[PDB]
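Trainee: Let me begin by handing over the structure; questions about it come next.
Protein chains: 4
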Amino acid sequence: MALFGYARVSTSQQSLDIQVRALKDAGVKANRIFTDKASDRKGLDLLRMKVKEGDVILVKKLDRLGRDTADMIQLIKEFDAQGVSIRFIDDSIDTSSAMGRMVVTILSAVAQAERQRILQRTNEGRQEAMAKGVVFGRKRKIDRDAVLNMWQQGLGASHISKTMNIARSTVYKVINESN
Amino acid sequence: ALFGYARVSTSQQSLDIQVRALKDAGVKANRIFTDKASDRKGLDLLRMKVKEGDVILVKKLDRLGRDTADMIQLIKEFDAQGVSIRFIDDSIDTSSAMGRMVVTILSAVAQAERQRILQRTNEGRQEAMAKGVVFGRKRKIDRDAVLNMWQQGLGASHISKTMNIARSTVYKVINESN
Amino acid sequence: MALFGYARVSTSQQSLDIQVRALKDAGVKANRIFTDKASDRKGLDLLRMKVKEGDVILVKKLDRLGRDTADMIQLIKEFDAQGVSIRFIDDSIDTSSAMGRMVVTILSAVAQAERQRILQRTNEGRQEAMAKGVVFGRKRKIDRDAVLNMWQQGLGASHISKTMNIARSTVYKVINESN
Amino acid sequence: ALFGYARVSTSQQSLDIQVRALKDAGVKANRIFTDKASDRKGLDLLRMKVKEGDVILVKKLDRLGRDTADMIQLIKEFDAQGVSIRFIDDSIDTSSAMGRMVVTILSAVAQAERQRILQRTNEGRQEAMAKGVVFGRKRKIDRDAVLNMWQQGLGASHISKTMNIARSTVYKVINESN
DNA sequence: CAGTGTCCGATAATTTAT
DNA sequence: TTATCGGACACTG
DNA sequence: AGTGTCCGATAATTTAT
DNA sequence: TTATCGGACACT
DNA sequence: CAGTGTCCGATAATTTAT
DNA sequence: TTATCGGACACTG
DNA sequence: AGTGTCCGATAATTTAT
DNA sequence: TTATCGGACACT
Numbered sequence: 001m002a003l004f005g006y007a008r009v010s011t012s013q014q015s016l017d018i019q020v021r022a023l024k025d026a027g028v029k030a031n032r033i034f035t036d037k038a039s044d045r046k047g048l049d050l051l052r053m054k055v056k057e058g059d060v061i062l063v064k065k066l067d068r069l070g071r072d073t074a075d076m077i078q079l080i081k082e083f084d085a086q087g088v089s090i091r092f093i094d095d096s097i098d099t100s101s102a103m104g105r106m107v108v109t110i111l112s113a114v115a116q117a118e119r120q121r122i123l124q125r126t127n128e129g130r131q132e133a134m135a136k137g138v139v140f141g142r143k144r145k146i147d148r149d150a151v152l153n154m155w156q157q158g159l160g161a162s163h164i165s166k167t168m169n170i171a172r173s174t175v176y177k178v179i180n181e182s183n
Numbered sequence: 002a003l004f005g006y007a008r009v010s011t012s013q014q015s016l017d018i019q020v021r022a023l024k025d026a027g028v029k030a031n032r033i034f035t036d037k038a039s044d045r046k047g048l049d050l051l052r053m054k055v056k057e058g059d060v061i062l063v064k065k066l067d068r069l070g071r072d073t074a075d076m077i078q079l080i081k082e083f084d085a086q087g088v089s090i091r092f093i094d095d096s097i098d099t100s101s102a103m104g105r106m107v108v109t110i111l112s113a114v115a116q117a118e119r120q121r122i123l124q125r126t127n128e129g130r131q132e133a134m135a136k137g138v139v140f141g142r143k144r145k146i147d148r149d150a151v152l153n154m155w156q157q158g159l160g161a162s163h164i165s166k167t168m169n170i171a172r173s174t175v176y177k178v179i180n181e182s183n
Numbered sequence: 001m002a003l004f005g006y007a008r009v010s011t012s013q014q015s016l017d018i019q020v021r022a023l024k025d026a027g028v029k030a031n032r033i034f035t036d037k038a039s044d045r046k047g048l049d050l051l052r053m054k055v056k057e058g059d060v061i062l063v064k065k066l067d068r069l070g071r072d073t074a075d076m077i078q079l080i081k082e083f084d085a086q087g088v089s090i091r092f093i094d095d096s097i098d099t100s101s102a103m104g105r106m107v108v109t110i111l112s113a114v115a116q117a118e119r120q121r122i123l124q125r126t127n128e129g130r131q132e133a134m135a136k137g138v139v140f141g142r143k144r145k146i147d148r149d150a151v152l153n154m155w156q157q158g159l160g161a162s163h164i165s166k167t168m169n170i171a172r173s174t175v176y177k178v179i180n181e182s183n
Numbered sequence: 002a003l004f005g006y007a008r009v010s011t012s013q014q015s016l017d018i019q020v021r022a023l024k025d026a027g028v029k030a031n032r033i034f035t036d037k038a039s044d045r046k047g048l049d050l051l052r053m054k055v056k057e058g059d060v061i062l063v064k065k066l067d068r069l070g071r072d073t074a075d076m077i078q079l080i081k082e083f084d085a086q087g088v089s090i091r092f093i094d095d096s097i098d099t100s101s102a103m104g105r106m107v108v109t110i111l112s113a114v115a116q117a118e119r120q121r122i123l124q125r126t127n128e129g130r131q132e133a134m135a136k137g138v139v140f141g142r143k144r145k146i147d148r149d150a151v152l153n154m155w156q157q158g159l160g161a162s163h164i165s166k167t168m169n170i171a172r173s174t175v176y177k178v179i180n181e182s183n
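Taken in order, these protein sequences are the chains called A, B, A' and B'. A prime marks a further copy of an entry chain. If you count by the deposited numbering, then the first sequence holds residues 1 to 39, 44 to 183, one letter each, in order. If you count by the deposited numbering, then the second sequence holds residues 2 to 39, 44 to 183, one letter each, in order. If you count by the deposited numbering, then the third sequence holds residues 1 to 39, 44 to 183, one letter each, in order. If you count by the deposited numbering, then the fourth sequence holds residues 2 to 39, 44 to 183, one letter each, in order.
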């Protein structure tokens, strides 16, 4: 019964404020609301150990507990073992029954099958972009023309890293590209 | 490279049967593995001797993992390595997205049944132990004789040599009829 | 609320007595318990029309409503339209929620996928039995040796159907087999 | 023989897009059909012009049938005839057992979402109509002029010819300001 | 004109699987 | 599935 | 004829992730 | 959803 | 003995998709 | 994904 | 040594569709 | 499940 609360975020959109907002309006106070800001899921492990027999948790929706269906279960399993139940406020399913957890784990694998496809289409769309002729990753920031002139000079490589206040390791690798 | 896996639980060793189908699929006992759950060692070994481009087989689904949870755990560890299990009875391959999903759902449901029926078994145990049924293995050793061999004033150790039976039992037997 | 009850049977094992047995112990009386003995699902159609807004039904398990997932839904859909809910006493799911019916229809298709496979293995096992050399269908009951002697006679075919008190149509077809 | 099917709902006619993929699969507009839901006639026609050994295509799953129920009804009628739909986005074929099943589950769940979100839309309509928002199409015709053309004592029919507008509306307009 | 042969569909009796 | 049972026509004679 | 009511088809609207 | 359009009716 | 070149892993900056 | 940033060795001289 | 307790591994048990 | 087996301990 003695309700807990758990939420998370992972994107540049820290939609965390929203997550919490209802966890309160449900019944549970911050005094018992846990959070990982997926930069390592620490605040979860800690929640995992604060709970005891006949506790109850609350997670906004189905994705918010675990990303990977495989261990989304492990939690629930380990959780039901202790006697703790987590509800999916958006989905409205109880870890606590059978049918509940059963249909939790049901919905997850059916929802990852969406992500798993998404990522293939995301990557297929990056392989038709890389090959098309698009610039990748991060751009050159420091003039390599300034470095190559300072090496054809026959100048000591270590000296350059403070004439141009940059990393010494990059100096070398830069010269290695143009074969 | 292709592989076969099988398992058992009951005293009814349907093991010979599972293996048969495996050979009727193309895997030899040269690449077949078995665990007689009594402790899943033989599985670990198979899980340690397959690389990318390999395919495992099990007759029934439940056969790989009874519990839905660690079932995916394997399959996950498995798809990551490059291996995939086909199930002959249900005809699903972890070699895909849906496949993997459809292994999982199947098995979740599969358990809600397994788990509810389990409860029904325990209800049946409850409605039996209360009505007056004797559980466990029934007694064998002629106790009224052992008890007559203490009443004698004989060594308890002496008993356990005279009767080809265990000594620690002898003592327990006496502290049975208070 | 005003509870109803529905059960069915289809095999030589008329396990109907059992079906009813609990439909009562649930709360509903025979006064409102319906039955088709699948010899045509009439007693269902009638139940379908006796129910009104805010009624509630009860069916032993998931198979017992409908066999074919396709219309198992139609019922539920048509049923939820009226405001009537059917429960799956063995399964413990409510037509009444969403998640309920959703997970009813979930379980059915996953359970037919069992039957659909079964029948293929049943038939595969009949095709390896027919070819193996097993007698099929129904056995000859009336001596065809007695009929063939009564036709080589040049005897009128109609006459034979009352000398041997049998069907007149079979008389003919019998002679047609031995080419 | 292979076939293509597509559909639309929104004023955002993503129709041109669905068809594109169909051609990128191998079906010509010579064997492609479309319903612009405004009434699923074009489907019926396709359902009436395929025999055994044919295969239909739709981009998304929801596209065939929105409602989970009649979705299977089609697929059932379909497997019986000898035809089967592949869905390119999800990559599932009704040409199988699991396939058919896995079409269905997918679509059931798919709806629990569709249906719950629908409710959320209606909650948003409720929290808007109560706060004080004007729904429907906004008024156009200069009523204070029509009302000034009865106050005149002019024929109502006369109005509807003078202003290039409908007559029945004229009357309704007057019984608006009691 | 009425008996002989062709051809169904609806019923009863059987099999393989659980 | 396969066997009979009622029948329905349609020609034959 | 022509003045008044009372429908359903078509247009333009809003709300929602 | 509400506003207009086409109408089709029933009465002076 | 100390400067020159090889080679990581851990961090920050970027892209494609929703 | 790709760029730098700190570093760690290991030889060279 | 040898007499008494108090564990866990192995055997034989039952209940269930 | 309860009954025996192997034991390993702590005390006269």
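For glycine and all other residues, C-beta sits at the position ideal for the given N, C-alpha and C.
(1) So is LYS64 (chain B') buried or exposed if we call it buried at 16+ other beta carbons inside 10 Å?
(2) Taking just the CA atoms, how far does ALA115 (chain A) sit from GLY70 (chain A')?
(3) Quick one: grab the DSSP three-state call for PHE92 (chain B).
(4) Any idea what DSSP makes of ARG8 (chain A'), helix, strand or coil?
(5) Within 10 Å of its beta-carbon, does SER162 (chain B') have 16 or more other beta-carbons around it, so buried, or fewer, so exposed?
(6) Assuming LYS166 (chain A) is part of the alpha helix (DSSP H), what are its boundary residues?
(7) Output, in chain order, the set of chain A' residues within a Cβ distance shorter than 7 Å of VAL108 (chain B).
(8) Report buried or exposed for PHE140 (chain A'), applying the criterion of at least 16 other Cβ atoms within 10 angstroms of its Cβ.
(9) Less than 7 Å separating the beta-carbons of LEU16 (chain A) and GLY5 (chain A)?
(10) Report the neighbours of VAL114 (chain A) on chain B: residues whose CB is nearer than 8 Å to its CB, in chain order.
(11) Listed in chain order, which residues of the region 75-103 of chain B have Cβ atoms closer than 9 Å to some Cβ of chain B'?
(12) Within its chain, find whatever has a CB closer than 7 Å to the CB of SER112 (chain B'); leave out the 5 residues flanking it on each side and keep chain order.
(13) Quick check: is the beta carbon of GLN120 (chain B') nearer than 7 Å to any beta carbon in chain A'?
(14) Please tell me whether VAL20 (chain A) and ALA7 (chain A) are closer than 7 Å, where the distance is taken between their beta carbons.
(15) Taking Cβ positions only, does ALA117 (chain A') come closer than 7 Å to chain B'?
(16) Of the choices B:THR35, B:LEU50, B:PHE92, B:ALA85, whose alpha-carbon is the least far from that of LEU62 (chain B)?
(17) Have a look at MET53 (chain A') and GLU82 (chain A') and give me their C-alpha separation to the nearest angstrom.
(18) Which whole-angstrom value is the C-beta distance of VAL108 (chain A) and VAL107 (chain A'), which I expect to be below 8 Å?
(19) Helix, strand or coil for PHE34 (chain B'), going by three-state DSSP, please let me know.
(20) Can you give the Cα-Cα distance for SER12 (chain B) and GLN120 (chain B), rounded to whole angstroms?
(21) Any C-beta of chain A' within less than 7 Å: which residues of the region 121-134 of chain B' qualify?
(22) If contact means a Cβ-Cβ distance below 7 Å, which residues of the region 46-75 of chain A' contact chain B'?
(23) With the cut-off set at 7 Å, would you say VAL88 (chain B) and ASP49 (chain B) are in Cβ contact?
(24) Less than 6 Å between the CB of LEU23 (chain A) and some heavy atom of the ligand HEM, yes or no?
(25) Considering only residues of the region 105-132 of chain A, which uninterrupted beta strand (DSSP E) runs meet the minimum length of 3 residues and lie entirely inside it, listed in chain order?
(26) Near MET1 (chain A'), what residues of its chain come up, given a Cβ to Cβ distance below 8 Å and the 5 sequence neighbours on each side ignored?
(27) When you compare only the Cα positions, how much space is there between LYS56 (chain A') and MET103 (chain B')?
(28) For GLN156 (chain A'), collect the residues of the same chain with a Cβ closer than 8 Å to its Cβ; drop the 5 residues on either side in sequence, then sort them by chain order.
(29) Taking all protein chains shown into account, do 16 or more other C-beta atoms lie within 10 angstroms of the C-beta of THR126 (chain B), making it buried, or fewer, making it exposed?
Mentor: So, from the data block:
(1) So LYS64 (chain B') ends up on the buried side.
(2) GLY70 (chain A') and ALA115 (chain A) have their C-alpha atoms roughly 28 Å apart.
(3) Under the three-state reduction of DSSP output, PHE92 (chain B) falls in the strand class.
(4) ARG8 (chain A'): strand per DSSP, three-state reduction.
(5) In summary, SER162 (chain B') is exposed, with fewer than 16 beta-carbon neighbours lying within 10 Å of its beta-carbon over all protein chains present.
(6) Start and end: 161-167.
(7) The premise fails here: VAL108 (chain B) is roughly 13 Å from chain A' at the closest Cβ pair, so nothing lies under 7 Å.
(8) So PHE140 (chain A') ends up on the exposed side.
(9) In this structure, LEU16 (chain A) keeps its C-beta atom at 7 Å or more from the C-beta atom of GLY5 (chain A).
(10) Within 8 Å Cβ-Cβ: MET106, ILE110.
(11) Correct list: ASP95, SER96, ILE97, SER101, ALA102, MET103.
(12) So the list reads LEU66, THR73, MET76, once near-sequence residues are dropped.
(13) For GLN120 (chain B'), the answer is yes, since a Cβ of chain A' falls inside 7 Å of its Cβ.
(14) Result yes, Cβ atoms of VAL20 (chain A) and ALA7 (chain A) sit closer than 7 Å.
(15) Answer yes: the Cβ-Cβ gap between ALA117 (chain A') and chain B' drops below 7 Å somewhere.
(16) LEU62 (chain B) has its Cα closest to that of B:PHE92, out of B:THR35, B:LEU50, B:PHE92, B:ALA85.
(17) It is roughly 11 Å from the alpha-carbon of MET53 (chain A') to the alpha-carbon of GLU82 (chain A').
(18) Not confirmed; about 11 Å, so no contact.
(19) Three-state DSSP puts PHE34 (chain B') in a strand.
(20) Near 21 Å, if we compare the C-alpha coordinates of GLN120 (chain B) and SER12 (chain B).
(21) Within the region 121-134 of chain B', contact with chain A' at the beta-carbon level (separation under 7 Å) is assigned to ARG121.
(22) Residues passing the 7 Å Cβ filter: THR73, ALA74.
(23) Cβ atoms of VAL88 (chain B) and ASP49 (chain B): not closer than 7 Å.
(24) What this structure holds is no ligand at all, so the ligand HEM is not there to describe.
(25) Counting only runs of 3 or more residues that sit fully inside the region 105-132 of chain A, no beta strand (DSSP E) segment turns up.
(26) Closer than 8 Å at Cβ, skipping near neighbours: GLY58, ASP59, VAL60.
(27) The alpha-carbon atoms of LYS56 (chain A') and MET103 (chain B') are separated by roughly 37 Å.
(28) Nothing listed; no residue qualifies.
(29) Exposed, because fewer than 16 other Cβ atoms sit within 10 Å of the Cβ of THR126 (chain B).
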